[PDB]
Amino acid sequence: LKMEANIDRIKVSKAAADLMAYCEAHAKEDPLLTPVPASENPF
Amino acid sequence: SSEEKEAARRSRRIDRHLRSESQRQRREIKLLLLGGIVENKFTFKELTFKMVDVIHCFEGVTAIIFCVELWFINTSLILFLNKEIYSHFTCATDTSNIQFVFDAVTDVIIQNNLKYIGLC
Amino acid sequence: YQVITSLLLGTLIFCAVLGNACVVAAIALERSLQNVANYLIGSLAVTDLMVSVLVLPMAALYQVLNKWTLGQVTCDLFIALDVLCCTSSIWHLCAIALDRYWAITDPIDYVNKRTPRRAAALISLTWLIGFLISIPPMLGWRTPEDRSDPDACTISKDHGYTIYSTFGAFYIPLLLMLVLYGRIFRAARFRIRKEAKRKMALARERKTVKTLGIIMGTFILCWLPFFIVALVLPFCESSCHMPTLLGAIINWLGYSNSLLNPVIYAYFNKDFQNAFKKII
Amino acid sequence: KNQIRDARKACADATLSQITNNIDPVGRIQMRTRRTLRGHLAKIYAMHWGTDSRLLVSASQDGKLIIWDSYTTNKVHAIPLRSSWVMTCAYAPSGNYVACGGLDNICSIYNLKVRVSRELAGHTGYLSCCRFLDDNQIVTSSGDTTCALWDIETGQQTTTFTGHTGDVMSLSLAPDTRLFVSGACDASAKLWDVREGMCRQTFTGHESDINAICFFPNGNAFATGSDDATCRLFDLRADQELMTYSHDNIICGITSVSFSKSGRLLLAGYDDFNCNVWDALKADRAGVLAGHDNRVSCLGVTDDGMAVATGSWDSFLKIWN
Ligand SMILES: C/C=C\C/C=C\C/C=C/C/C=C/CCCC(=O)O[C@H](COC(=O)CCCCCCCCCCCCC)COP(=O)(O)O[C@H]1[C@H](O)[C@@H](O)[C@H](OP(=O)(O)O)[C@@H](O)[C@H]1O
Ligand SMILES: CC(C)CCC[C@@H](C)[C@H]1CC[C@H]2[C@@H]3CC=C4C[C@@H](O)CC[C@]4(C)[C@H]3CC[C@]12C
Ligand SMILES: CC(C)CCC[C@@H](C)[C@H]1CC[C@H]2[C@@H]3CC=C4C[C@@H](O)CC[C@]4(C)[C@H]3CC[C@]12C
Ligand SMILES: CC(C)CCC[C@@H](C)[C@H]1CC[C@H]2[C@@H]3CC=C4C[C@@H](O)CC[C@]4(C)[C@H]3CC[C@]12C
Ligand SMILES: CC(C)CCC[C@@H](C)[C@H]1CC[C@H]2[C@@H]3CC=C4C[C@@H](O)CC[C@]4(C)[C@H]3CC[C@]12C
Ligand SMILES: O=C1CC2(CCCC2)CC(=O)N1CCCCN1CCN(c2ncccn2)CC1
């Protein structure tokens with residue numbers, strides 16, 4: 001219990017900023033998010 | 001396309017083996033003694049019985065044998081005394097125990113077929 | 001009044017070609033309806049579809065115009081087609097009953113040896129018995145161009161062909177179905193029989209007088225009137241004049257079994273009523 | 001324990017939903033069944049994808065572990081299983097091993113490039129999930145409230161991750177393969193490091209037993225599905241809950257949760273024979289993957305994010321793209 005409380009915690013604001021940063025930077029290469037052409041579709 | 005044809009041949013043989021296995025699995029009556037996991041199998045009067053001795057891993061079973069020392073709505077209970085319930089005071093002296101399980105399973109089959117036709 | 005008859009008979013030929021096609025479509029577009037039992041209720045639907053699309057449209061032209069306006073060969077194929085389709089329909093009702101019978105009496109056969117191949121064999125026997133009453137007696141006994149042209153589409157009133165067709169298409173099947181559904185009743189009544197319990201006894205031996213009454217009443221109230229007439233008149237040529245009105249109502253009552261079959265065997269049980277909902 | 005209670009409210013500042021009020025919606029995502037993998041004769045309880053995003057493996061109750069080539073719909077290999085009771089399957093990063101397990105308390109490894117090369121024993125309960133840590137180490141989670149790392153060379157529990165009071169039923173390995181998170185019956189999920197058997201962190205937000213979990217692609221967050229008819233996105237660094245994905249029309253439990261390649265879309269499987277797509281940033285239902293006849297048991301997203309495969313109790317796998 002004590003060591004779990006001992007860990008340092010970042011404020012939810014920077015976690016949100018990092019979660020947004022990772023999502024927007026990788027948005028263009030997600031075939032599910034951005035509908036991909038039938039020329040690429042391998043099925 | 002030679003490699004593609006070889007892979008298609010590999011698929012064909014696997015499908016044939018699976019078809020034989022399905023033919024052999026449809027004619028098996030699964031029961032559970034609910035009074036590691038244990039399994040037993042035996043044939044009695046041209047009817048193979050596959051009992052397991054031990055909640056959602058067991059769902060498509062035919063009956064639940066349950067002994068008493070003096071998905072459940074859609075499964076009958078063969079109550080032994082050492083949806084319809086079937087009771088038979090145990091008698092290890094003779095092999096009537098096995099005959100009861102046969103007469104019960106045979107009736108569960110007949111009644112399920114009298115409901116599909118819509119006569120019950 | 002040719003207009004009134006045309007739209008009445010037209011609606012009947014539409015409801016049949018739609019109802020029988022919806023049944024076969026559901027079997028194909030669902031995996032919950034793919035057992036040996038529904039393969040026989042799809043084959044019956046297909047046969048009624050063939051009746052409703054090939055025979056019925058050309059029987060309605062013959063009624064509204066009161067005369068065959070086509071070739072003599074056309075008349076021969078349509079008399080043959082009509083016999084074939086009707087006989088196969090009656091024997092399909094007798095195959096479904098033979099399968100239902102061996103579920104309630106032989107549980108071992110139901111489990112150890114009941115295959116979709118069984119459906120195929122029951123359907124093959126139904127169509128072999130159809131091509132025995134229709135196509136052997138036509139090819140072989142055909143008068144050499146000695147007939148009248150109009151109102152010429154009439155089944156022979158010969159005495160041998162009368163017994164052969166009537167007995168092999170209705171009287172032999174009817175007797176078998178009466179024996180088979182009699183035994184199914186006794187078996188059901190026994191199992192059901194063997195105050196709240198007495199309540200759900202009455203209410204299980206009174207949904208087994210309904211189902212069997214519906215089936216037998218549909219099959220007898222449709223075909224018996226027609227086969228009784230088809231058996232008595234050939235032998236009583238003099239002094240048994242048959243009025244047009246009644247003689248036409250009976251033929252169309254016989255034809256209406258094709259429309260009623262999907263309703264009795266398909267549109268009633270729950271498994272179809274559920275599949276149609278998922279699709280539509 | 002007193003400090004733990006205080007720190008949460010102290011660091012909970014602005015709700016992530018408040019921060020995402022500015023982000024624009026994803027619109028509507030419509031996915032269509034591209035292929036249909038058929039051949040299992042019984043209920044399929046699990047399916048894993050190969051790192052090549054082409055080969056996959058499925059485990060069913062007919063004692064069958066089938067390898068399928070998703071592109072050509074061809075059964076590469078059909079491996080029979082000793083037990084007909086099988087709850088988990090896996091597929092090595094290398095590609096030369098699969099691993100199964102179930103009611104029998106044994107994790108059975110099969111060498112691909114097919115015969116059992118090793119059986120791992122020691123757990124006193126049904127194996128719920130297993131994940132290949134690398135080509136030589138495997139992490140398993142069992143129904144006796146114990147997770148374990150296994151050396152395959154000898155065949156012993158190297159470490160044992162204990163502390164959960166309920167049957168651990170879901171297991172997710174981090175992208176860096178350094179930490180892993182486990183979800184159990186006690187409506188709690190615990191972070192563990194493979195290096196030392198010391199529970200790094202514990203998260204308690206759900207109301208019912210947790211059946212699914214999956215790491216966020218970043219590796220700093222995770223999502224948990226439970227029988228509480230809700231999903232929850234926690235954050236490792238924040239050490240608390242950030243968002244809740246639940247809709248009223250849904251009252252059944254979640255069997256599987258998966259992220260997209262960028263982690264924007266959160267696929268989720270349910271007992272209503274449907275799979276609801278959610279916006280991982282907006283808690284909004286972006287779509288439905290209806291079409292399975294029985295319950296959707298396991299769900300997977302390819303490593304390259306090209307397509308999503310769903311297995312179900314109806315003995316059929318569906319690839320959607
Ligand atoms: C005096 C005292 C007592 C006597 C008085 C009264 C009591 C009864 C008297 C006489 C009754 C006659 C007919 C009764 C019909 C009736 O009640 O039907 C029920 C209700 O269905 C609908 O409402 C739905 C029906 C939909 C029909 C199809 C509609 C579309 C037609 C056109 C199709 C083509 C265009 C779409 C359904 O059936 P059911 O309640 O009658 O009971 C059974 C039925 O008899 C079995 O045949 C059937 O088995 P199956 O052979 O496989 O079909 C069973 O599953 C079950 O349905
Ligand atoms: C009359 C001709 C020209 C048009 C076709 C009418 C057809 C579609 C109609 C006429 C009588 C109707 C039937 C009358 C009564 C019943 C009983 C009910 O419980 C179920 C529907 C059922 C069985 C109907 C089905 C549809 C039906 C057969
Ligand atoms: C599938 C359903 C809709 C039936 C389709 C065929 C129907 C529409 C056809 C079959 C035979 C046809 C009849 C044949 C002959 C005549 C005489 C002539 O004066 C035209 C009208 C009339 C009376 C036709 C009306 C339409 C008719 C009844
Ligand atoms: C072909 C068209 C014109 C007429 C069809 C008539 C049908 C619907 C009629 C004729 C005989 C009737 C049956 C006669 C007696 C009984 C027994 C009773 O306890 C329940 C209803 C039941 C089973 C009737 C159901 C409806 C029935 C089958
Ligand atoms: C519920 C189902 C079975 C009802 C079936 C009703 C059938 C038998 C009825 C409905 C309309 C009827 C037709 C209406 C009009 C005529 C014209 C008449 O000059 C001869 C009979 C004839 C051709 C009838 C034959 C019988 C008929 C086709
Ligand atoms: O209206 C017509 C026209 C046709 C030509 C096109 C199609 C019909 C010619 C025609 O006969 N009738 C009047 C119907 C008579 C009755 N139908 C029913 C089937 N019958 C039968 N089926 C099996 C065994 C014995 N008989 C006899 C024929």
# chains A, B, ... in the order shown; residues from 1 in each chain; ligands from 1

call {"tool": "residues_around", "arguments": {"residues": "residue 99 of chain B", "least_positions_apart": "3", "cutoff": "12 Å", "atoms": "only C-alpha atoms", "output": "ChimeraX atom specification"}}
result
/B:44-45,47,88,90-92,94-96,102-106

call {"tool": "write_last_selection", "arguments": {"atoms": "N, CA and C atoms", "output": "compact mmCIF listing (two decimals), in the first residue's frame"}}
result
# COMPACT_ATOMS: atom_id res chain seq x y z
N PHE B 44 -24.00 -47.81 -24.76
CA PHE B 44 -25.03 -48.67 -24.19
C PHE B 44 -26.22 -48.68 -25.13
N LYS B 45 -26.53 -49.84 -25.70
CA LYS B 45 -27.68 -50.02 -26.59
C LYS B 45 -27.65 -49.02 -27.74
N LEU B 47 -26.03 -46.28 -28.21
CA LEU B 47 -26.11 -44.88 -27.82
C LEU B 47 -24.87 -44.54 -27.01
N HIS B 88 -34.59 -41.68 -9.28
CA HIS B 88 -34.53 -43.15 -9.13
C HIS B 88 -33.65 -43.50 -7.93
N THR B 90 -31.06 -44.99 -6.02
CA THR B 90 -29.92 -45.75 -6.61
C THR B 90 -29.95 -47.22 -6.19
N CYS B 91 -29.51 -48.12 -7.07
CA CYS B 91 -29.45 -49.57 -6.75
C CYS B 91 -28.20 -50.15 -7.41
N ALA B 92 -27.04 -50.02 -6.75
CA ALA B 92 -25.75 -50.49 -7.35
C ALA B 92 -25.78 -52.00 -7.57
N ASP B 94 -27.84 -53.93 -9.18
CA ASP B 94 -28.07 -54.23 -10.62
C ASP B 94 -27.55 -53.08 -11.48
N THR B 95 -27.65 -53.21 -12.81
CA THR B 95 -27.24 -52.11 -13.73
C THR B 95 -28.48 -51.31 -14.13
N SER B 96 -29.47 -51.21 -13.24
CA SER B 96 -30.68 -50.39 -13.52
C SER B 96 -30.30 -48.92 -13.60
N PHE B 102 -30.68 -44.08 -19.64
CA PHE B 102 -31.05 -44.32 -21.06
C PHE B 102 -32.52 -43.96 -21.27
N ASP B 103 -33.41 -44.43 -20.39
CA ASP B 103 -34.87 -44.17 -20.53
C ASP B 103 -35.16 -42.67 -20.38
N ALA B 104 -34.41 -41.97 -19.53
CA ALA B 104 -34.60 -40.51 -19.35
C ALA B 104 -34.13 -39.77 -20.60
N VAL B 105 -32.90 -40.02 -21.06
CA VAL B 105 -32.34 -39.31 -22.24
C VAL B 105 -33.23 -39.58 -23.46
N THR B 106 -33.76 -40.80 -23.58
CA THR B 106 -34.61 -41.17 -24.74
C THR B 106 -35.91 -40.36 -24.71

call {"tool": "residues_near_ligand", "arguments": {"ligand": "ligand 3", "cutoff": "9 Å", "atoms": "only C-alpha atoms and all ligand atoms", "output": "number ranges by chain"}}
result
C: 2-3, 5-18, 52-53, 56-65

call {"tool": "residues_around", "arguments": {"residues": "residue 271 of chain D", "least_positions_apart": "2", "cutoff": "9 Å", "atoms": "only C-alpha atoms", "output": "list in words"}}
result
residues 251, 252, 253, 254, 255, 269, 273, 274, 275, 294, 295, 296 and 297 of chain D

call {"tool": "closest_atom_pairs", "arguments": {"of": "chain C", "to": "ligand 6", "cutoff": "7 Å", "atoms": "only C-alpha atoms and all ligand atoms", "output": "JSON lines"}}
result
{"residue": "C:55", "atom": "CA", "partner": "ligand 6", "partner_atom_place_in_ligand_line": "7 (C)", "distance": 4.6}
{"residue": "C:56", "atom": "CA", "partner": "ligand 6", "partner_atom_place_in_ligand_line": "7 (C)", "distance": 6.2}
{"residue": "C:58", "atom": "CA", "partner": "ligand 6", "partner_atom_place_in_ligand_line": "6 (C)", "distance": 4.8}
{"residue": "C:59", "atom": "CA", "partner": "ligand 6", "partner_atom_place_in_ligand_line": "3 (C)", "distance": 3.9}
{"residue": "C:60", "atom": "CA", "partner": "ligand 6", "partner_atom_place_in_ligand_line": "1 (O)", "distance": 6.7}
{"residue": "C:62", "atom": "CA", "partner": "ligand 6", "partner_atom_place_in_ligand_line": "3 (C)", "distance": 5.7}
{"residue": "C:63", "atom": "CA", "partner": "ligand 6", "partner_atom_place_in_ligand_line": "1 (O)", "distance": 6.4}
{"residue": "C:75", "atom": "CA", "partner": "ligand 6", "partner_atom_place_in_ligand_line": "5 (C)", "distance": 6.0}
{"residue": "C:78", "atom": "CA", "partner": "ligand 6", "partner_atom_place_in_ligand_line": "6 (C)", "distance": 4.7}
{"residue": "C:79", "atom": "CA", "partner": "ligand 6", "partner_atom_place_in_ligand_line": "9 (C)", "distance": 5.2}
{"residue": "C:82", "atom": "CA", "partner": "ligand 6", "partner_atom_place_in_ligand_line": "19 (C)", "distance": 5.4}
{"residue": "C:83", "atom": "CA", "partner": "ligand 6", "partner_atom_place_in_ligand_line": "22 (N)", "distance": 3.9}
{"residue": "C:84", "atom": "CA", "partner": "ligand 6", "partner_atom_place_in_ligand_line": "23 (C)", "distance": 6.7}
{"residue": "C:86", "atom": "CA", "partner": "ligand 6", "partner_atom_place_in_ligand_line": "22 (N)", "distance": 4.9}
{"residue": "C:87", "atom": "CA", "partner": "ligand 6", "partner_atom_place_in_ligand_line": "23 (C)", "distance": 4.9}
{"residue": "C:153", "atom": "CA", "partner": "ligand 6", "partner_atom_place_in_ligand_line": "9 (C)", "distance": 4.8}
{"residue": "C:154", "atom": "CA", "partner": "ligand 6", "partner_atom_place_in_ligand_line": "11 (O)", "distance": 5.1}
{"residue": "C:155", "atom": "CA", "partner": "ligand 6", "partner_atom_place_in_ligand_line": "11 (O)", "distance": 5.8}
{"residue": "C:165", "atom": "CA", "partner": "ligand 6", "partner_atom_place_in_ligand_line": "25 (C)", "distance": 5.3}
{"residue": "C:166", "atom": "CA", "partner": "ligand 6", "partner_atom_place_in_ligand_line": "25 (C)", "distance": 5.6}
{"residue": "C:169", "atom": "CA", "partner": "ligand 6", "partner_atom_place_in_ligand_line": "24 (C)", "distance": 5.3}
{"residue": "C:251", "atom": "CA", "partner": "ligand 6", "partner_atom_place_in_ligand_line": "16 (C)", "distance": 5.6}
{"residue": "C:254", "atom": "CA", "partner": "ligand 6", "partner_atom_place_in_ligand_line": "18 (C)", "distance": 6.9}

call {"tool": "write_last_selection", "arguments": {"atoms": "C-alpha atoms", "output": "mmCIF file, in the first residue's frame"}}
result
data_model
loop_
_atom_site.group_PDB
_atom_site.id
_atom_site.type_symbol
_atom_site.label_atom_id
_atom_site.label_comp_id
_atom_site.auth_asym_id
_atom_site.auth_seq_id
_atom_site.Cartn_x
_atom_site.Cartn_y
_atom_site.Cartn_z
ATOM 1 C CA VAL C 55 -49.950 -24.382 -64.383
ATOM 2 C CA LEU C 56 -52.111 -21.694 -62.653
ATOM 3 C CA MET C 58 -52.770 -20.904 -68.113
ATOM 4 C CA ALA C 59 -55.722 -22.415 -66.161
ATOM 5 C CA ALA C 60 -56.963 -18.811 -65.588
ATOM 6 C CA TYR C 62 -58.932 -21.126 -69.954
ATOM 7 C CA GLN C 63 -61.547 -19.986 -67.414
ATOM 8 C CA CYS C 75 -52.860 -28.660 -74.110
ATOM 9 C CA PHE C 78 -50.127 -28.507 -69.600
ATOM 10 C CA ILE C 79 -52.356 -31.526 -68.731
ATOM 11 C CA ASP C 82 -50.664 -30.128 -64.085
ATOM 12 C CA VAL C 83 -50.818 -33.796 -63.099
ATOM 13 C CA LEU C 84 -47.097 -33.908 -62.311
ATOM 14 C CA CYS C 86 -50.252 -31.743 -58.151
ATOM 15 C CA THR C 87 -49.210 -35.394 -57.518
ATOM 16 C CA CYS C 153 -58.086 -29.370 -72.340
ATOM 17 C CA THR C 154 -59.875 -32.249 -70.518
ATOM 18 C CA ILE C 155 -58.253 -35.214 -68.647
ATOM 19 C CA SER C 165 -54.431 -41.622 -61.466
ATOM 20 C CA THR C 166 -57.017 -41.035 -58.696
ATOM 21 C CA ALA C 169 -52.217 -39.535 -56.506
ATOM 22 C CA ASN C 251 -61.150 -27.055 -59.222
ATOM 23 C CA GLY C 254 -58.106 -27.920 -55.190
#

call {"tool": "residues_near_ligand", "arguments": {"ligand": "ligand 1", "cutoff": "7 Å", "atoms": "only C-alpha atoms and all ligand atoms", "output": "PyMOL selection string"}}
result
(chain B and resi 117-118) or (chain C and resi 15-16+18-19+210-211+214+263-270)

call {"tool": "write_last_selection", "arguments": {"atoms": "C-alpha atoms", "output": "PDB file, in the first residue's frame"}}
result
ATOM      1  CA  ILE B 117     -43.751 -30.216 -34.805  1.00  0.00           C
ATOM      2  CA  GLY B 118     -45.831 -27.963 -32.485  1.00  0.00           C
TER       3      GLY B 118
ATOM      4  CA  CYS C  15     -50.184 -14.218 -53.279  1.00  0.00           C
ATOM      5  CA  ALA C  16     -49.031 -17.814 -54.047  1.00  0.00           C
ATOM      6  CA  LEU C  18     -44.979 -14.374 -53.428  1.00  0.00           C
ATOM      7  CA  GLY C  19     -45.684 -16.511 -50.312  1.00  0.00           C
ATOM      8  CA  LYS C 210     -55.932 -28.239 -33.010  1.00  0.00           C
ATOM      9  CA  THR C 211     -52.667 -28.764 -34.965  1.00  0.00           C
ATOM     10  CA  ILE C 214     -55.777 -27.869 -38.981  1.00  0.00           C
ATOM     11  CA  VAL C 263     -49.295 -20.741 -44.252  1.00  0.00           C
ATOM     12  CA  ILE C 264     -49.991 -24.062 -42.466  1.00  0.00           C
ATOM     13  CA  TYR C 265     -46.464 -25.515 -42.522  1.00  0.00           C
ATOM     14  CA  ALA C 266     -44.288 -22.395 -42.578  1.00  0.00           C
ATOM     15  CA  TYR C 267     -46.040 -19.166 -41.567  1.00  0.00           C
ATOM     16  CA  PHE C 268     -47.139 -20.647 -38.207  1.00  0.00           C
ATOM     17  CA  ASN C 269     -44.146 -22.109 -36.323  1.00  0.00           C
ATOM     18  CA  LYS C 270     -41.963 -19.715 -34.384  1.00  0.00           C
TER      19      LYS C 270
END

call {"tool": "atom_distance", "arguments": {"atom1": "atom CA of residue 7 of chain A", "atom2": "atom CA of residue 218 of chain D"}}
result
20.1 Å

call {"tool": "interface_residues", "arguments": {"of": "chain D", "to": "chain C", "cutoff": "12 Å", "atoms": "only C-alpha atoms", "output": "list in words"}}
result
residues 290, 291, 292, 293, 294, 314, 315 and 316 of chain D

call {"tool": "write_last_selection", "arguments": {"atoms": "C-alpha atoms", "output": "mmCIF file, in the first residue's frame"}}
result
data_model
loop_
_atom_site.group_PDB
_atom_site.id
_atom_site.type_symbol
_atom_site.label_atom_id
_atom_site.label_comp_id
_atom_site.auth_asym_id
_atom_site.auth_seq_id
_atom_site.Cartn_x
_atom_site.Cartn_y
_atom_site.Cartn_z
ATOM 1 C CA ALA D 290 -23.685 -6.347 -36.202
ATOM 2 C CA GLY D 291 -23.781 -9.718 -37.922
ATOM 3 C CA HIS D 292 -22.594 -12.447 -35.544
ATOM 4 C CA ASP D 293 -25.231 -15.132 -34.795
ATOM 5 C CA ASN D 294 -23.906 -15.920 -31.295
ATOM 6 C CA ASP D 314 -21.440 -19.210 -33.607
ATOM 7 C CA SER D 315 -18.388 -21.115 -34.935
ATOM 8 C CA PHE D 316 -17.503 -18.350 -37.479
#

call {"tool": "residues_around", "arguments": {"residues": "residue 167 of chain C", "least_positions_apart": "6", "cutoff": "12 Å", "atoms": "only C-alpha atoms", "output": "JSON, numbers by chain"}}
result
{"C": [87, 133, 160, 161, 173, 174, 175, 227, 228, 230, 231]}

call {"tool": "closest_residue", "arguments": {"among": "C:143, C:66, C:238, C:208", "to": "ligand 5", "atoms": "only C-alpha atoms and all ligand atoms"}}
result
C:66

call {"tool": "interface_residues", "arguments": {"of": "chain B", "to": "chain C", "cutoff": "9 Å", "atoms": "only C-alpha atoms", "output": "list in words"}}
result
residues 26, 27, 28, 46, 47, 106, 107, 109, 110, 111, 113, 114, 116, 117, 118, 119 and 120 of chain B

call {"tool": "decode", "arguments": {"residues": "segment 101-132 of chain D", "atoms": "C-alpha atoms", "output": "mmCIF file, in the first residue's frame"}}
result
data_model
loop_
_atom_site.group_PDB
_atom_site.id
_atom_site.type_symbol
_atom_site.label_atom_id
_atom_site.label_comp_id
_atom_site.auth_asym_id
_atom_site.auth_seq_id
_atom_site.Cartn_x
_atom_site.Cartn_y
_atom_site.Cartn_z
ATOM 1 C CA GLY D 101 -5.059 -23.869 -22.349
ATOM 2 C CA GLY D 102 -8.435 -24.189 -20.574
ATOM 3 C CA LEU D 103 -10.226 -26.200 -17.821
ATOM 4 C CA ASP D 104 -7.274 -28.615 -17.814
ATOM 5 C CA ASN D 105 -4.766 -26.608 -15.709
ATOM 6 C CA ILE D 106 -1.960 -27.043 -18.329
ATOM 7 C CA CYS D 107 -0.617 -24.433 -20.834
ATOM 8 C CA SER D 108 0.199 -26.445 -24.013
ATOM 9 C CA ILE D 109 2.847 -24.926 -26.376
ATOM 10 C CA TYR D 110 2.954 -26.199 -30.013
ATOM 11 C CA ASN D 111 6.000 -25.732 -32.296
ATOM 12 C CA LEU D 112 4.901 -24.609 -35.758
ATOM 13 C CA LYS D 113 7.886 -24.843 -38.124
ATOM 14 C CA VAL D 114 2.899 -29.998 -35.424
ATOM 15 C CA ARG D 115 3.510 -31.564 -31.967
ATOM 16 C CA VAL D 116 3.438 -30.392 -28.296
ATOM 17 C CA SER D 117 7.067 -29.272 -27.653
ATOM 18 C CA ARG D 118 6.303 -28.408 -23.970
ATOM 19 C CA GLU D 119 3.492 -28.590 -21.364
ATOM 20 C CA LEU D 120 3.523 -26.035 -18.481
ATOM 21 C CA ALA D 121 1.878 -27.190 -15.219
ATOM 22 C CA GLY D 122 1.572 -25.754 -11.732
ATOM 23 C CA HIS D 123 -1.551 -23.548 -11.719
ATOM 24 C CA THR D 124 -4.453 -24.862 -9.557
ATOM 25 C CA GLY D 125 -7.234 -23.340 -11.738
ATOM 26 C CA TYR D 126 -8.493 -22.852 -15.336
ATOM 27 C CA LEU D 127 -6.108 -20.814 -17.576
ATOM 28 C CA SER D 128 -7.999 -17.649 -18.591
ATOM 29 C CA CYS D 129 -5.454 -15.809 -20.751
ATOM 30 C CA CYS D 130 -1.864 -16.196 -21.916
ATOM 31 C CA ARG D 131 0.473 -13.961 -23.911
ATOM 32 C CA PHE D 132 3.899 -14.722 -25.361
#
